[PDB]
Structure formats: C-alpha cells, structure tokens
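Before any questions on how it binds or moves, here is one chain, the form deposited in one PDB entry, in structure tokens.
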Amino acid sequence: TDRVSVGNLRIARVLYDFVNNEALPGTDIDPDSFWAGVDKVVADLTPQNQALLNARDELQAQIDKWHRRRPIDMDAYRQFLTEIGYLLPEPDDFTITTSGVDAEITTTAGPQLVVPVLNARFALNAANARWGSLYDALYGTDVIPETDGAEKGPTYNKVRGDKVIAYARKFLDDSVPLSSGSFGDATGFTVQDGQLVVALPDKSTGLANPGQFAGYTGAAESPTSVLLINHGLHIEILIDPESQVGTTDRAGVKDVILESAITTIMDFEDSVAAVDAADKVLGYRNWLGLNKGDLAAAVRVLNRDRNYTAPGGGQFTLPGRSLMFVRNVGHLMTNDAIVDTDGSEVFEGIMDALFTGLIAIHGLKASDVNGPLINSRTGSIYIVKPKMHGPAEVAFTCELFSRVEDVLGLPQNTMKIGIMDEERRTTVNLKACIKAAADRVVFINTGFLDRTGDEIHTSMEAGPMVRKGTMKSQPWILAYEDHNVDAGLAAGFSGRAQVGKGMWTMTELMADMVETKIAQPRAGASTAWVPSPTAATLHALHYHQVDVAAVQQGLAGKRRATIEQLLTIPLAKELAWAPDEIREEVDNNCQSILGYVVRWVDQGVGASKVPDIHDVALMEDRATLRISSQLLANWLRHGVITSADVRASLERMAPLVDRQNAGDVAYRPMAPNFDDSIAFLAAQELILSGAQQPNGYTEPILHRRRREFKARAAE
C-alpha cells in the first residue's frame, strides 16, 4: 500500500515503525493491544467528533441567514443565539477538583514559553530556559539603550556592562530588599546561623525578610552563589571575584540568574507545518526525546537539575528544566498518518491524544529504558487543546482523554487539559466549558489572533468589520479578556490552575515588552506567552514587581463583563475610511499572509521572525493567517474592496516579501512569475475562498498546498 492493517485501520509504516520500535518500549503496554485500542478509540469516537463539526456548520449557517435580514436588535439577536443552542445557560457556581498537578501550575506565577516541537534546537533551548542570565538579556537587548556610550559592537563595551550591573542591583533592591542600605553598595555576602548577611561599606545587614533567603552554594563563609526567592520565583547571585565581570564588581558578583520559563508548551499545532505521516513522526520523535530526557541536537543536551544547600540544612535539588505541556491539534483536521479501509483519513486530534499521551509516559519516570530526566513530578500529562467551540467539545475532549488513558493503562484524570479560549462559542459559554473539564483542567488563556478570526467569521454577513489594528481595543475583546480571568478565578483557579494571556510578538522590541507587558500580571494572569528564552527572562521581572496572588484575590467575585459586551459585533461605522486607509489595510493584510505563507508552504516553517510591512520582526503562529484572511474576505463580501484590489495588492506585496527573505539560500522568489508559485496561489486562495472555509480555518487550504509543494519536490 504501503500501510499496516489493524482492524479497520491502515497505518502508515513510518508511524507503525516509530511507535513499536521507539515509543512503546519501556511503557509495559503490549503493542498488539495498543493497536487494538487505537482501532477501537477511533471507531467509537469518530462519529461524535464528526457530529460536533457538523453542529458548528449548522449554527454558522443559521447565523449567516439571520444576518441576511436587517442597527442590530441585541435583544432579538441574543434570544436567537439562545433558541438555536449557541448561547447556553450559565451553570451554578463550582470549584474545580483537579488533583495531581505540579507546583509550576498550582502555586507559582511566571512566563510560559511556546516552541514548535518539530525544531529540536528551539525545543531544547526552551526546556533549558527555566534559568537564564539577566546580564545577557539586559546586555544583548534594547532594555539598556545604546546612549551613551553604551553602543553594542563586536568588542565588549565596558560602559554598557556597568549599566547592566546597576540595572540588576536595582532589581534586587526592588525584589529582595535589605533591612538597611542597598545591594548596590554590597561588598560581600556571608551565611551566619541559617541567615543571609550582606556586607556594607559601613556595617552589615540581613534581608528585610530573611525568609526570602532560599539557599546557597559553597562555604557559608564565602559562598560561590546565593539563592533568593520572591513571589515563588528564584533569584541567583553568582559570586566570583576572579571572573572578568567579577573583578570590577564591588562585591565580586559575576551574574544574576532568574527563574524564567517556568513552563513550556511544545507545540504540535499552529506553530508547525505537518501535513503527512512523515511530518507527524518527526514531531513525535522530538516529543519522545524531550520526555526521555535524552534529546540533544548538533549546534546541545538538556540541562540537568540544579543542586543547592538549604539555609541551615543538607542538600536540595531544584528543577533545572521548564515543565513541558504539549499542544495537540484541535478537533478539525484529518491526517493520512492513518486512513481507514475506505481510504478516508483519521481525525488528527484523536491521534495526537493517543500518541502524545503514550510518549508522555516516559516523562513520568527516570530509568534506563525511560531515559534519565523526568518532566511532571506529580505524575500528570499536560495537554493544551486549541480551537474548541462550546462545552460539548470540551466534554468530548474529556472522553477522548479518558478513553486514551484506558488504552495506555493510566489512572483516570492522568491527562490534564488546558482550555484555550480562542473561539466565540467558548468565550460566551466559558463557565460551562470549564465545568465540563472540572476534574482535568489546569489552564485557560486568551489570545488575539484566532479569537478575532472567529469573531469576524461568525458575524461575516453582518457587515464590514473594523481594521485589524482597531480590533485590539474593541468592546468585545476587552470584555473577553476580563471575562476569562473572571470565569477562572470564580472556578477556583487561584492556587490551582493557570490563567494565561497572549504572546508578545515583537521579538526585537524588548524595552517595550518590559515597559508594557506588566499589564498582564496586573490583570491577574498567572502566566503569559513569551517568544524566546531572552524574553522569558525579561518578562520574569514583571512577576517580581507584581504580586499575582494578591491581585487575584482582589478580583475575587467580580463580574466585569456582561453578555451584551461579549456579543457586541465589531461592525465599522458609516464613512469610516478614506481610500488610502483602505489600501493600507489591504496591503498590510496581504503582506501578513504572503509573509507567513511563503515560508510555511515552501519550507514547512510555521514559526519564525517574519518582518512585517514596516520591517518589524514578528513571531506569530498560523492564526495570523486566519485573522488576516477573514478580514479581507469580510471586506470583499461587503464590497469595501474587490477581487482585483486584492490581486493588485498581492502583486504589489510579493516582491517586498521576496526581498525581505534575501538572506535565504533555500528561498524561492514569488515575483514576477506569480501564477506559478504554490505559495502565492495559496495566499490568494486563503482570501478569495476565505468566506467559504469552516469557521474561517486556514488548514484545509494550507495543508493541501504544502502537500502540493512537497509533491512537486518529489521530482
């Protein structure tokens, strides 16, 4: 065929081989029984999966027709959504009962990294990013300005280094204050009677709160490092007077190390391009290596844990790696990794649950067959499930997980669930969605891109929508952000599960990140997404300056969003825009699509630093495609713009995207032979067919074009 027959299934040999030879050994699950369970799970769960997808289509069909007869009566609109089953009754108050959850999630607040699992070295970097140098972060980025004269160059600018040092000293004052004086005047550190004691030029002092002293290394009389704790996060003062930086430091300090990326999401969904059996296996194989703890790539090796000395005691170890979640794909797509007897593809999410769940077994244990490094410490498996619509699709995820756990021979509720709030039918039924996963949920979060794509698609027929930039401050999205935090805290998330907020996408603009991203913890988010290990470290500053626990209890019991605000469709007003503004918005959207699409389709890259139309480096996932294509399809549908406008724009934008990828040998230009670039045709189709797509999802077209490209590369 060539495939492996097991019941109604025809399994791609690469997958069959990978599973039996690499993933199964060490798990004590008998191969023939694993494959029987797979057959059974797929046979039993496929019908309901399909039933859900159909229900999505029926609802959207009803809304499309409703809008085609029309301001908007919100009373009648709201009651329509209730009649059809879109808006469901808000259940009574409850508290989640999820148990066996790691410390990283229950108690601590901090940055959360996301990385495409298909890139080993990015995945490895993310795992080791649990601890990072603040000096390197401050020195290498624009947090410390190049004026003056702190300009960066080949040589080490000693002027810049002093700025870094002073910056770090201040942070210490702010986060672990001394009873008198400041770290900036320190001459040394000693450990007397299980207390940190700091040497001043005048006298000496202790911590204003001695309980913030976590541990140390070396002799108590002359420590090689000091370990501090604040708001659950650790701070390490590396002390070494013989160091280059140390010789010039008043107290011999070499560096300050911050606990940064507390948890990481290894991503199988929107940051990766994976359209067939071969791609899935490359992804499963890295997930395997991460869980074994033996993954290593050729630039290297997962960092082992960090050992310290307790204040008045023996040794203790702290986790050196970021706690790994995995984002499986959602309920939509199928993949040829497995087909049935009639040749139709199996649902890709069901597959991920089985395989990523199986592979995750190796991370619950350290052995010669399971590999040396453990992930979860409380025996959990953390799966973020994206793009769910409403509480019934959450319950289906519960059931899927529950069924997988039987096949894997795991205790029930082993497989925990991160509910991404990124679709409108979830937003407005959020409390119900959490309720359906009440014994499994460990995470909710919000974002911009997917949610705004769905916003636009759901109300496609209602009229033209505001510009993408404008969306970020519209009533619905402000309500959506608050209503998430509120639903969460009301379900008892504080001290139990993460409340997360979106990615900082501008990877070179770190000064701005430090200035503004502090808004997310101030809004009571226990975690938020960062695009790099450097960003994780800088964002960790915010959890020191903000007591997320304190903020969360202050927000307790508040109902800051109304259903009316959630349901306020972002229609543009009359007149609204001038020609030049319209063209500018089209260009920006065609550049966004083209810029991301060309690397996805031509090179199978789903996450990278893509310069936007103003050459700013952005790190967005595939959901950039959905928001951009839906906005244009919306503008197209209501005659704000034409198909020829869109094509003229794609043709204008293409050569810029081309020259923006000049430093690439494997890059192939889209201009001037437009109609012969699979990437180009993919970008054009995403728009002109955008309105027909199920909920505006881009994967159907995208996967097919990537398949088409790989097929032409087979000759």
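Rigid core: the largest C-alpha set superposing within 1.5 Å between the two forms. In case it trips you up, residue 1 is the first one in the sequence shown, and so on.
**Q** Determine if residue 71 is unmodelled in a third or more of the other PDB entries compared for this protein.
**A** In at least a third of the other entries, residue 71 has no coordinates.
**Q** Of the other PDB entries for this protein whose models extend past residue 28 on both sides, does at least a third leave it without coordinates?
**A** No; none of the other entries leave residue 28 out.
**Q** Using none, 1 to 3, 4 to 9 or 10 or more, say how many deposited residues go missing between residue 299 and residue 300.
**A** Gap between residue 299 and residue 300: 4 to 9 residues without coordinates.
**Q** What does the record say about the segment between residue 70 and residue 71: how many deposited residues are without coordinates (none, 1 to 3, 4 to 9, 10 or more)?
**A** Unmodelled stretch: 1 to 3 residues, a short break.
**Q** Quick check: 202 to 210 versus 117 to 125, which has the larger average CA B-factor in the record?
**A** It is 202 to 210 that shows the higher mean C-alpha B-factor.
**Q** Out of 523 to 531 and 575 to 583, which one has CA B-factors that are higher on average in the deposited record?
**A** Looking at the recorded C-alpha B-factors, 575 to 583 comes out higher on average.
**Q** When the CA B-factors of 318, 354, 623, 510 are compared as recorded in the entry, which is the largest?
**A** In this record, 318 carries the highest C-alpha B-factor of the candidates.
**Q** In terms of CA temperature factor as recorded, identify the highest of 196, 598, 417, 466.
**A** When the deposited C-alpha B-factors of 196, 598, 417, 466 are compared, 196 is largest.
**Q** Within this chain, which third does the Cα B-factor at residue 456 fall in: lowest, middle or highest?
**A** Lowest third.
**Q** Lowest, middle or highest third: where is residue 475 by C-alpha B factor in its chain?
**A** Ranked within chain, residue 475 CA B lands in the lowest tercile.
**Q** Tell me, lowest, middle or highest third: where does the Cα B factor of residue 31 rank within its chain?
**A** Its C-alpha B-factor, which the entry lists for residue 31, ranks in the middle third among residues of this chain.
**Q** Can you work out whether the C-alpha temperature factor of residue 655 puts it in the lowest, middle or highest third of the chain?
**A** Residue 655: CA B-factor falls in the middle third of its chain.
**Q** By the recorded C-alpha temperature factor, relative to the other modelled residues in its chain, which third is residue 684 in?
**A** Lowest third.
Keep in mind that the form deposited in another entry is not shown, yet the notes after this line are about it.
**Q** With the two forms superposed on the core, which of 402, 244, 344, 82 shows a CA shift of 2 angstroms or more between this form and the one not shown?
**A** That would be 244.
**Q** Does residue 305 count as moved between this form and the one not shown, where moved means a C-alpha shift of 2 angstroms or more after fitting the rigid core?
**A** It does not, since the residue 305 C-alpha is displaced less than 2 Å between this form and the one not shown after the core fit.
**Q** Spell out whether the Cα of residue 439 moves at least 2 Å between this form and the one not shown when the two forms are superposed on their rigid core.
**A** Residue 439 C-alpha, core-superposed: shift of less than 2 Å.
**Q** Is residue 146 displaced by at least 2 Å at its C-alpha between this form and the one not shown when the rigid core is overlaid?
**A** Superposed on the core, residue 146 moves its C-alpha 2 Å or more between this form and the one not shown.
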